[PDB]
Structures are given as structure tokens and as C-alpha cells.
Amino acid sequence: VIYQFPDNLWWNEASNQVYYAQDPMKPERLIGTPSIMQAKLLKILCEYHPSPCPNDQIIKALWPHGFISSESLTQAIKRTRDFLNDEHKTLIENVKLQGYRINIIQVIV
DNA sequence: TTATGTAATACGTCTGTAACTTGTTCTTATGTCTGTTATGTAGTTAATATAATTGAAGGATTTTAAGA
């Protein structure tokens, strides 16, 4: 499964790599491999789309086994925003009292 | 003997948690202004009428000022 984001950002879940490319089959500028919980968060954001994911479910998915301090949620999002160079918060948007949504240009299956 | 290659071990270290902190954004409690009704104040009334008032009660002794 291949995911396109704004600004020609391509994420490959099978190989789990994110990079800049005009052609999905030909990486141009490699960003690299996100961490594990980063992959979980990305998959959650891509798996409720078009609808956003409620905070309780992402909380229960990122750290299911132990209830974690709340800040970690937001902090994890920061890194998932930062690794995908989403400085303008255009890849992860936050809808108040609704959750977190991701922007997908297209999916290649 | 000495290269070699595994293995213990100690130290960086990349990343996941969490603390400190601010934006800002929304909600609510409060202080204030304004309009209406109830309260509080005040002035006037034109047959004539012209020295209260109500009790209350078997006290027994002292000392001290006024009156003569």
C-alpha cells in the first residue's frame, strides 16, 4: 500500500519508508524510516480517513498496555509531524473535540 | 607466535516519557446601567368647640438641713 501526502511525499508501508518523489516507483530524496509508534499513528490516521480518529482510540493504540501521561499523546504527534516535515500542520490537522486527521492525496494499491 | 574471531563489558546514544510552559479559546460569574413600581414624605381641610389625670395607701427607724 502506497500513500501520497501533500508536497509529493510518499510513504511505503511494505518497506516502511518516506521520501520525496514525483514518481512513486522512483525515490528522489529519502527521508527514511519512522519509529514504531510513528508507524502506528500513521496507520491510524490513514485508517479512519475520511473521518478523523477520536483521542481515546489513538491513546489506546499508541500505548495500549499501560495508561500513559496525557502529554505523550500530543508529544508523539509532534514527532510524527516533525519527521514528515509538516511544519505548517497541513499533513496532520487537529479538529477540536473531533480528533486528528491526515491529508492523503492518493493511495496506490 | 601471532593472526583471528568470539565474547564480556563499559560507554555513548537514539529515542520514548514526562515535566515546564505558553496560546488561545471558550465559558461563566460579576459588576454596572437603565427602566419601572412601590414606598416615603408633605400639605391641607373653614357650623363650633376655649384650665388633666390617675392613682394610692398597716414602715420603722435613723441622720441632716430648713423654717421659726
Side-chain angles (χ1 to χ4, degrees):
Chain A
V1 189
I2 283 306
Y3 301 91
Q4 195 169 339
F5 299 132
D7 309 322
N8 295 323
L9 179 71
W10 296 88
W11 175 47
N12 179 340
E13 191 176 344
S15 65
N16 165 319
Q17 292 177 335
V18 86
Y19 53 93
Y20 292 102
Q22 292 174 19
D23 178 350
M25 267 324 150
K26 291 182 184 172
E28 290 170 28
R29 179 182 175 222
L30 294 167
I31 299 187
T33 52
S35 67
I36 316 81
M37 72 285 324
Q38 279 165 329
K40 318 311 81 164
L41 176 58
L42 281 172
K43 170 230 64 53
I44 299 156
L45 292 172
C46 296
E47 160 289 331
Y48 268 71
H49 178 273
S51 64
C53 188
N55 291 334
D56 72 307
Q57 298 164 2
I58 166 192
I59 273 277
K60 254 174 158 151
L62 287 182
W63 325 266
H65 36 294
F67 26 80
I68 188 133
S69 62
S70 311
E71 152 64 4
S72 41
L73 202 291
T74 63
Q75 174 81 175
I77 288 266
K78 196 215 180 58
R79 299 146 181 260
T80 280
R81 281 180 159 172
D82 184 345
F83 180 73
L84 299 170
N85 205 56
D86 178 31
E87 295 188 346
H88 301 291
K89 309 172 188 200
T90 52
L91 174 278
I92 302 176
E93 39 284 59
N94 175 247
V95 192
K96 210 233 305 172
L97 301 173
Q98 263 139 122
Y100 287 101
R101 192 235 196 221
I102 219 175
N103 194 0
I104 298 176
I105 295 183
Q106 63 184 329
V107 69
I108 303 176
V109 278

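Per chain, numbering begins at 1; letters A, B, ... match sequence-line order. The figures that follow rest on heavy atoms only: side chains count, while hydrogens, waters and symmetry mates do not.
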**In B/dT50, glycosidic geometry as syn within 90° of 0 or anti otherwise** = syn

**Message:** At under 4.0 Å between heavy atoms, how does the protein contact nucleotides 14-23 of chain B? Give one character per nucleotide, 5' to 3', with B, S or -.
**Reply:** --BBBB----

**B/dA49 and B/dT50 stacked at 5.5 Å and 30° limits** = no

**Item:** Polar side-chain atom of A/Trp63 near backbone of A/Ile68 as donor-acceptor pair, under 3.5 Å
**Value:** no

**Request:** Using atom types as modelled and distance alone, determine if a side-chain donor or acceptor of A/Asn94 lies under 3.5 Å from a backbone N or O of A/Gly99.
**Result:** yes

**Item:** Sugar geometry class by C1'-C2'-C3'-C4' for B/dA19
**Value:** south

**Item:** Hydrophobic cluster identity match, A/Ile102 and A/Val107, side-chain contacts under 4.5 Å
**Value:** yes

**Item:** A/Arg81 (side chain) donor-acceptor with A/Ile92 (main chain) under 3.5 angstrom
**Value:** yes

**Item:** Donor-acceptor under 3.5 Å (A/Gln75 side chain, A/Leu73 main chain)
**Value:** no

**Prompt:** Counting only heavy atoms not in A/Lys43, do more than 12 fall under 6.0 Å of its NZ?
**Reply:** yes

**Prompt:** Syn or anti for B/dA19, taking syn as within 90° of 0?
**Reply:** anti

**Request:** Check whether more than 12 heavy atoms from other residues, nucleotides or ligands sit under 6.0 Å from atom CG of A/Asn85, and answer yes or no.
**Result:** yes

**Request:** Just label B/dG31 as syn or anti from its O4'-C1'-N9-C4 or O4'-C1'-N1-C2 angle, using within 90° of 0 for syn.
**Result:** anti

**Asked** Would A/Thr74 and A/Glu71 count as a side chain to side chain donor-acceptor pair (under 3.5 Å) if you check the C-alpha gap in whole Å, the side-chain angles of each, and the deciding distance to 0.1 Å?
**Response** CA-CA 5 Å; A/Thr74 63; A/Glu71 152 64 4; 2.6 Å; yes

**Asked** How is the base pairing of DNA chain B summarised as a dot-bracket string, given the Watson-Crick and G-U wobble criteria with both distances under 3.5 Å, [ ] for crossing and | for another strand?
**Response** ....................................................................

